[PDB]
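Read through the structure below, which is laid out as structure tokens, and then see the notes.
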There are 4 protein chains.
Amino acid sequence: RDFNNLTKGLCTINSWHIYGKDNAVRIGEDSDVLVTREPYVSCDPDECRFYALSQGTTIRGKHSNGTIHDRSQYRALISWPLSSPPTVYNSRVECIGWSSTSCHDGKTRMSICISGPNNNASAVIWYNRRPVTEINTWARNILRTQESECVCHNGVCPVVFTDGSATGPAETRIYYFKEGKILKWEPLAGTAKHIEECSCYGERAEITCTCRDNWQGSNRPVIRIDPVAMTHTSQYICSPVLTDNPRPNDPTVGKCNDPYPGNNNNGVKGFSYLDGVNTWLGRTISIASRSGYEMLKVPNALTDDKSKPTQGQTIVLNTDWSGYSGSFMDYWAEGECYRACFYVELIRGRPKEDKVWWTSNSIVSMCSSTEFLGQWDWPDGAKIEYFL
Amino acid sequence: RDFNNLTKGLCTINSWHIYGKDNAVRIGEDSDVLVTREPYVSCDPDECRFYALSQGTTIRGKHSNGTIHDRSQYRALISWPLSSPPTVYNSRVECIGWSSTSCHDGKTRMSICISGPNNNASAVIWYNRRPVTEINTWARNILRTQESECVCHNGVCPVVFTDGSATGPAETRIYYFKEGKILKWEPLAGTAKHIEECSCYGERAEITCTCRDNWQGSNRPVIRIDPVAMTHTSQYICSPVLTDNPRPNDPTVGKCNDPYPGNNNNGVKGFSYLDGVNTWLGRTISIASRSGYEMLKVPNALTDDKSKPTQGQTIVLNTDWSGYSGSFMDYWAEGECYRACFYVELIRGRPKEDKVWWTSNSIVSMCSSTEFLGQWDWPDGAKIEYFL
Amino acid sequence: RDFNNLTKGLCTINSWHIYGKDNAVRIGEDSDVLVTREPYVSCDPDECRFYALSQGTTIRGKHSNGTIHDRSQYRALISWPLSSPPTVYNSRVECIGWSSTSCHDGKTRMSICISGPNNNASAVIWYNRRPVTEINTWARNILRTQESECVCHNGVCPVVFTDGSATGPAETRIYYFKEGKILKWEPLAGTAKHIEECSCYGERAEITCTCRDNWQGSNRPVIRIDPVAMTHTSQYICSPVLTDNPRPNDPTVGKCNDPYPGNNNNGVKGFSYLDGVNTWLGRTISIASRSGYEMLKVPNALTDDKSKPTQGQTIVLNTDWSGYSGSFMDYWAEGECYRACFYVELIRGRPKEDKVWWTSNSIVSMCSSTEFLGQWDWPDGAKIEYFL
Amino acid sequence: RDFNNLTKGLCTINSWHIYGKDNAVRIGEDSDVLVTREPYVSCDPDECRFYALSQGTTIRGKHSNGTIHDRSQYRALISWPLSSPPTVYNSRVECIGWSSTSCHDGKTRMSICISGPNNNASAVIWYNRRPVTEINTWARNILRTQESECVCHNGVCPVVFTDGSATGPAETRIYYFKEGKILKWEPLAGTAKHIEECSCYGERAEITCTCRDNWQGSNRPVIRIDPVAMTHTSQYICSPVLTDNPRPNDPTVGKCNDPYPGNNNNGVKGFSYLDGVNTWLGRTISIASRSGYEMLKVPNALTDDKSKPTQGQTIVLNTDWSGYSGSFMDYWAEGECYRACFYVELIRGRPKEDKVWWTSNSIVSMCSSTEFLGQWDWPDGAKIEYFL
Ligand SMILES: *[C@@H]1O[C@H](CO)[C@@H](O[C@@H]2O[C@H](CO)[C@@H](O[C@@H]3O[C@H](CO[C@H]4O[C@H](CO)[C@@H](O)[C@H](O)[C@@H]4O)[C@@H](O)[C@H](O[C@H]4O[C@H](CO)[C@@H](O)[C@H](O)[C@@H]4O[C@H]4O[C@H](CO)[C@@H](O)[C@H](O)[C@@H]4O[C@H]4O[C@H](CO)[C@@H](O)[C@H](O)[C@@H]4O)[C@@H]3O)[C@H](O)[C@H]2NC(C)=O)[C@H](O)[C@H]1NC(C)=O
Ligand SMILES: *[C@@H]1O[C@H](CO)[C@@H](O[C@@H]2O[C@H](CO)[C@@H](O[C@@H]3O[C@H](CO[C@H]4O[C@H](CO)[C@@H](O)[C@H](O)[C@@H]4O)[C@@H](O)[C@H](O[C@H]4O[C@H](CO)[C@@H](O)[C@H](O)[C@@H]4O[C@H]4O[C@H](CO)[C@@H](O)[C@H](O)[C@@H]4O[C@H]4O[C@H](CO)[C@@H](O)[C@H](O)[C@@H]4O)[C@@H]3O)[C@H](O)[C@H]2NC(C)=O)[C@H](O)[C@H]1NC(C)=O
Ligand SMILES: *[C@@H]1O[C@H](CO)[C@@H](O[C@@H]2O[C@H](CO)[C@@H](O[C@@H]3O[C@H](CO[C@H]4O[C@H](CO)[C@@H](O)[C@H](O)[C@@H]4O)[C@@H](O)[C@H](O[C@H]4O[C@H](CO)[C@@H](O)[C@H](O)[C@@H]4O[C@H]4O[C@H](CO)[C@@H](O)[C@H](O)[C@@H]4O[C@H]4O[C@H](CO)[C@@H](O)[C@H](O)[C@@H]4O)[C@@H]3O)[C@H](O)[C@H]2NC(C)=O)[C@H](O)[C@H]1NC(C)=O
Ligand SMILES: *[C@@H]1O[C@H](CO)[C@@H](O[C@@H]2O[C@H](CO)[C@@H](O[C@@H]3O[C@H](CO[C@H]4O[C@H](CO)[C@@H](O)[C@H](O)[C@@H]4O)[C@@H](O)[C@H](O[C@H]4O[C@H](CO)[C@@H](O)[C@H](O)[C@@H]4O[C@H]4O[C@H](CO)[C@@H](O)[C@H](O)[C@@H]4O[C@H]4O[C@H](CO)[C@@H](O)[C@H](O)[C@@H]4O)[C@@H]3O)[C@H](O)[C@H]2NC(C)=O)[C@H](O)[C@H]1NC(C)=O
Ligand SMILES: *[C@@H]1O[C@H](CO)[C@@H](O[C@@H]2O[C@H](CO)[C@@H](O)[C@H](O)[C@H]2NC(C)=O)[C@H](O)[C@H]1NC(C)=O
Ligand SMILES: *[C@@H]1O[C@H](CO)[C@@H](O[C@@H]2O[C@H](CO)[C@@H](O)[C@H](O)[C@H]2NC(C)=O)[C@H](O)[C@H]1NC(C)=O
Ligand SMILES: *[C@@H]1O[C@H](CO)[C@@H](O[C@@H]2O[C@H](CO)[C@@H](O)[C@H](O)[C@H]2NC(C)=O)[C@H](O)[C@H]1NC(C)=O
Ligand SMILES: *[C@@H]1O[C@H](CO)[C@@H](O[C@@H]2O[C@H](CO)[C@@H](O)[C@H](O)[C@H]2NC(C)=O)[C@H](O)[C@H]1NC(C)=O
Ligand SMILES: CCN(CC)C(=O)[C@@H]1OC(C(=O)O)=C[C@H](N)[C@H]1NC(C)=O
Ligand SMILES: CCN(CC)C(=O)[C@@H]1OC(C(=O)O)=C[C@H](N)[C@H]1NC(C)=O
Ligand SMILES: [Ca+2]
Ligand SMILES: [Ca+2]
Ligand SMILES: [Ca+2]
Ligand SMILES: [Ca+2]
Ligand SMILES: [Ca+2]
């Protein structure tokens, strides 16, 4: 109809209720489910769907051998109905590639897929299910993007990309697209020293992205974008409640403009809702691996370097595998506010479970409630032994 | 379009004709059919569909082992086209949880799924395929609901929930929802002493629910709701034709306001159409287990404590497994009256057939005819031996 | 929109071109294809689909054992996209039963399914995907119907049923339905002595049905219906080119009002287009079994007792299995005339191929061309050996 | 809505970006994927889809044995969503046959399938999913057509057919259809000496077809059609960069009106975009077999007999199997020009990989970019060893 505009603020998050879960690996043990990773959730005005990067093979198929690898010519961004698994028969390919993002602007959807060898990748921007724009690698070192949904405001849908090293300074750019065409792009600015896989959401005409400093920081870099002025700033979450993984143990004081040191060259896609006292951070429970998952209310996390949790909710037990996590919201729901939501990728297989030769995942997602709901834990649920 | 209003009375039930049957277990022996239980049927203005609580695995899948258990994080309310089986590829997830209800109000559908551990469950009310309201457990003991469709009148869709013990007095509430938001709730009143899994239908602006007294009664509690005044009453079916299971043998006189004693702490979801002389009761044939199924015309059952059958029809032979049964009607059909319909859950597997490690079911449903039709029996039809 | 009216005459049939083929048994050897029989084809104003009576099991499934039997509680009328196979995932159940018919009147579709034990069957008439009318068995001996599409004219859709013996006189009725309700019914009249499985088509406000005299005739009975006056007549195809199976060898002179003797108590559903010189008959090649299939132009077959073929076309080689055949046309196509079409059921399995324990079929269908096209033969194509 | 008219010229081709890839053989190793060959891509105003000639069996099915053969009664033109594989459950049959073409005219689609024995084939033209016209074989020697999409302009959709020898002069015709009816047909004229499988595209009211001279030429014949005057001309691509396969090595000078000699009686469906300096040719890398695939910019190829490449892009490595290739464009995209696109058929199985008894393929397709994008290679990706 008309372009959606971020006119509401966030609903108060007092707890998280279950939204979707596909139990993909469980079901896929005996049905035609595609091997995936790097999933996310994204809504259209009339439907919300699961998204992920297929590996071009089923979990039980012999070609599932080797799916731990990230970039091949057999990957593609696919979407399928909420809470269903990604099967060969219900998955809709949005585009071909090994890195992506996607978002609906109110009129139609923009999907971006990047493909290519490490030194010659290229992004192709799709709008209304048609290829419209292409961007060639600028640093010739794995051009890559969010791996979660982008956000639009009056037709402008900014997207963060990084090209260059993952263990040293790199070339991050913020592209502002409208109808799949480039309106403008900026280099990254602010104090964030390295950006990877930004998780974004929008409220009151401002887009907030919590990303991953793969180089030095265990605290998360944040990129706040103004989609009208088409400008942005960058810093880190000030809070000592560190949310990357692997990471050191929490200090009593965090860092606002530098990576918090302790772990180099590694991390995990993650997210947060930074909204004054209505601030919640997601993180793996384990400081060593992608194990477990919890949400912690840390009032003023973004700007208070001594902020510690005041409430929390466990999502996945530390005795269960987790993985990537990102934000999305249904900007077309009824009501006066935007209900924050997120998904957690539950990785199964390699490298942690090497008795199988594949790597895949299932998805669990939650959204906020103004009630103070009881909590449950949501594991993947598959028994690796069955796949042997 | 506009909210549907219960303006018609029931059509005269002179017999039952076959409506739908999915032969799920038969077909699922060699195809991707999800393991389910607690099924039901529910209509939209333009389509009637089968519903059930999937177990997040196929019947032939190795994860089918253990599906006798009721509540896990892998369950979800799913719906699929009438008479098809619930397959991985045609099942649409309505929400995540191990207890549910769903109904269309004329404009759109409301689905409710409850999930959580025993002492911390929570219900989330979905409307127009979006999460709108959440209710936390009030007795901290398996918050649960109907397991069959709710009914709406002018936007108000009442739903009965129970929280607390299943073998002692509990906390039952009647929630009146409109567009997924709570208009009001009451505590249970009347003479029913315990309520579980209400089966409901509506006619002439009154909603009747036949439920399950799991604690002491073998006769069924009935909750009649006024969706305009948003008030209700409760009693038991007066008739000596006892309809719960397990149950004692039929007496010559029933009880109108107390459970009929003889069997404690057990039962089965069931239903009835209470309409003066046009009154029909459904019950398993066996007084000991969920075996067989029949419909009996017992004029004035609800209010006559000596009422005995005047006509009847066998649905499932006592030499075949049955299970839950509930009511639904197509409130958007043509004609001057509402055609009563019901479904019977045909449980296969555990606990009665323990040579297999799973528990699932198929569905058979009938609707009334003003003709006096010949009868046939409708078993599940699968040979357990094939699954060994 | 508005009720379709049979306003056109038939196009001239100079040959037959391929229309649809699903290769169901071939494909089903390694995919989830339902076991079927008694197929047909039927069009809506915007789509033409294949129809058949599923057996409630896949061909490879263990429950495929025993599918030679005709009537069970696991059968249902299903429809699926043209030329696809009937799979568990694309088949749409129209109703439950072991005998059926279906037709679109221009506004919506009427489907009829009969179910029940031999002495207590009942038909239920569905309209707009809802149950509307029910008819109980009148002779208590396998109430049954066409097994191919019915035809409508201005809302009136006549259907022929038979109840009673298949090897002696029986009670055949012509029901005239409108919006799924009975407008009127007649007993069979005319000289046909026994009617089974009528194949019908309509042109210029007249409905012609070529049926099966299972009792004594090897020539085919024809029922011509006037859907406006709601009256009909009956006779046999006068032609010596006998078209039932099994049958005696062709004589030089046929019979116009009596069964042509030679074979008792057996036959096969078949059809014909009786249109003066534009008359074509379909028949198995073998006079002994359902083997092969050909179309023969026999000018004035219906009324000329010495009529012999003037042109012909082989459809299935006598070295391939055939089966039922029936008529249908797309009454919503463009043009000034109705293009005659038919389907041939290609039965595989029992009783002729007893190395397998199942019985199923695939479908091939053709429509007429005003060209004189070259011919090909269209067998099922599956290798039974593969199923062993 | 209204007939589409070829009003735009081609966009400048500076490189090729990935458009679609289905990884069919990879996925099909463990899922219900139909065996195919002779694929292509074609768009409707609201969707672009993959097309191919199914073999009426799955790749893992036992009937996959023998699929190297071209013409059987089990083949059919099917279409399925972009980048999905052709599965039994998502494939839509357009018509039955072993040779085809298809195109949307702006209002609806025309599909043509030819079937029959070698000496008696017949084409049937479908429009709006209905059979409208039939053409009988004129040379009685494998009537055949494009195997890729046709193009329309103001309702007129020309199609090239050939009937007669594949190793000697034959009878090629250009049919001009409108709404599936024949407006006119011509015999082939110009200097092309033999035509097979034309690959076409349209721009500025002119349709260009690059075909295959199976008889003597290693250079490609080109047929330029005027869909308004309904006339055409024919010649060969003048360029010494030879693009058929097998073929001799490139000379320094090509031939404009005669086949370039060196290889007789063989070839492969291929294509090109002839547009002055914006001219790009596709060809297998190997001069001996269907191995590898590249795009070469050869300014003025069609008319300059000494034209050699000025830029290029590898699509498939010479160490990977390729096959047929053809053109298509999305004539309903936004923008001022038509973005050239093509697909390459990646044949797997027989005859080159005879350890398996089948022959099938997957599809990769690209479209042009005005950017100068980095290149990647796109192989089928399946491991034959897994199928053993
Ligand atoms: C029914 O449902 C309800 C609803 O969910 C259940 O009630 C909930 O219970 C939750 C668990 O108790 C509770 O969550 C906790 O909230 C704490 C904050 O509340 C308390 O403090 C505030 C502030 O003073 C008070 O106002 C309030 O009244 C409470 O006293 C959080 O602090 C908790 O998180 C911390 O603990 C968990 C383990 O329990 C850690 O995993 C988590 O990371 C937090 O602790 C680490 O991080 C801090 C901060 O840096 C460190 O200080 C600390 O040492 C830990 O650090 C180590 O661990 C981390 C992670 O491994 C590592 O990185 C680091 O390096 C160190 O090794 C927790 O979130 C809910 O708020 C509460 N909800 C509600 C509405 O009440 C109820 O129990 C259920 N009922 C039943 C019967 O089960
Ligand atoms: C073709 O189709 C038609 C249409 O279906 C077939 O005709 C139908 O035939 C049915 C079976 O005969 C018949 O159903 C019965 O109706 C009886 C009522 O009708 C009779 O009584 C009335 C009233 O006086 C008369 O007007 C009428 O003319 C008849 O005489 C029911 O009473 C029957 O139900 C009872 O019996 C069945 C077993 O047959 C039990 O399973 C059932 O539970 C009922 O009996 C128990 O319950 C009562 C009540 O408390 C007890 O009194 C009794 O002792 C039994 O109790 C034991 O069993 C229960 C259950 O296990 C247990 O809980 C308890 O503790 C005790 O152990 C039955 O419903 C249809 O009405 C009739 N339909 C029509 C239209 O005619 C026709 O036969 C078919 N044709 C052919 C050729 O097959
Ligand atoms: C390319 O394509 C074209 C187009 O299809 C091919 O040309 C077609 O060729 C067909 C086969 O030759 C031909 O079909 C035949 O037509 C005959 C009628 O035409 C002839 O007679 C008329 C009338 O005088 C002449 O005008 C005309 O010019 C011809 O001379 C039919 O009579 C044929 O049917 C009979 O034969 C077939 C076997 O070939 C039987 O299976 C069939 O049942 C018919 O014969 C039985 O029935 C009659 C009638 O009672 C009996 O008299 C006879 O003895 C047979 O009876 C026995 O068999 C039956 C069945 O088993 C059994 O019940 C009974 O008891 C007895 O045992 C046949 O239909 C097409 O018309 C023709 N089409 C066109 C447009 O030309 C062309 O060949 C192809 N090209 C190539 C190179 O292959
Ligand atoms: C990141 O991405 C970019 C973008 O893709 C990569 O850059 C691209 O690199 C490509 C490969 O180098 C390049 O493609 C080549 O372009 C050549 C033309 O450019 C050159 O010449 C022009 C004209 O003078 C200059 O302007 C220009 O500056 C260059 O100097 C083509 O000629 C190449 O094709 C020929 O070679 C390939 C093998 O490399 C053959 O397979 C192909 O068939 C061509 O050669 C045959 O055909 C010719 C013509 O008849 C014969 O002369 C020759 O002998 C060969 O003939 C034999 O082989 C054929 C086929 O087997 C056989 O039939 C025959 O009988 C003989 O046996 C090639 O297309 C892109 O243009 C370039 N793109 C851009 C934008 O720059 C970059 O490298 C990537 N980065 C990294 C780090 O990898
Ligand atoms: C989001 O904001 C823009 C205004 O920036 C709205 O756009 C106006 O919409 C009306 C009807 O579409 C036009 O007549 C105005 O010219 C539009 N645009 C501008 C950019 O001035 C848009 O409608 C808003 N979105 C929604 C859902 O209300
Ligand atoms: C069910 O009843 C309500 C009346 O209670 C009907 O609502 C009225 O509908 C018309 C058109 O929608 C409005 O102009 C009135 O204001 C509506 N409502 C009220 C609540 O007064 C409703 O239309 C009835 N449903 C149907 C199908 O007729
Ligand atoms: C088939 O015939 C009936 C006439 O018998 C047509 O019905 C008339 O249609 C118009 C518009 O629907 C009405 O105003 C007339 O009253 C209708 N009916 C009768 C029964 O008189 C019908 O429209 C015809 N069908 C088609 C497709 O033209
Ligand atoms: C393609 O060209 C034809 C003109 O040749 C356009 O046809 C005219 O369309 C309008 C509205 O459809 C009619 O009133 C004219 O009579 C039409 N036709 C002719 C053939 O004169 C057609 O609309 C053009 N297509 C598009 C998409 O614009
Ligand atoms: C002619 C109809 N009769 C007699 C009942 C048949 O047995 C039909 O025969 C056959 C048959 O192949 O001849 C298949 C049908 N499934 C049967 N119909 C019913 C209702 O069972
Ligand atoms: C050039 C067309 N010819 C000669 C008939 C071919 O044999 C085609 O070749 C090939 C081929 O791979 O070269 C595949 C097509 N399936 C064939 N077409 C037909 C109709 O069989
Ligand atoms: Ca399988
Ligand atoms: Ca880090
Ligand atoms: Ca009880
Ligand atoms: Ca007979
Ligand atoms: Ca050649």
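Each chain in the structure tokens gets a letter, A, B, ..., in the order shown, and its residues are numbered from 1; ligands are numbered from 1 in order too.
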
Give as a PyMOL selection string every residue of chain D that touches chain C within 6 Å, counting only C-alpha atoms. chain D and resi 57+61+116+120+136

Identify, counting only C-alpha atoms and all ligand atoms, the protein, DNA and RNA residues located within 9 Å of ligand 4, and give them as a PyMOL selection string. (chain A and resi 117+119-121+140) or (chain D and resi 14-16+239-243+247-252+283-287+293-297+307-314+318+371-376)

Residues near region 344-354 of chain A, cut-off 8 Å, only C-alpha atoms, skip fewer than 6 positions along chain, as number ranges by chain: A: 25, 37-39, 68, 293, 321-326, 360-365, 379-380, 384

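All residues, whether protein, DNA or RNA, that have an atom at most 7 Å from ligand 10 (counting only C-alpha atoms and all ligand atoms) are residues 38, 70, 71, 98, 99, 142, 144, 166, 196, 197, 214, 267 and 268 of chain D.
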
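Residues of protein, DNA or RNA lying at most 8 Å from ligand 7, when only C-alpha atoms and all ligand atoms are considered, are residues 1, 2, 3, 4, 5, 106, 153 and 154 of chain C.
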
In region 302-333 of chain A, DSSP strand (DSSP E or B) residues written as a PyMOL selection string: chain A and resi 311-321+325-328
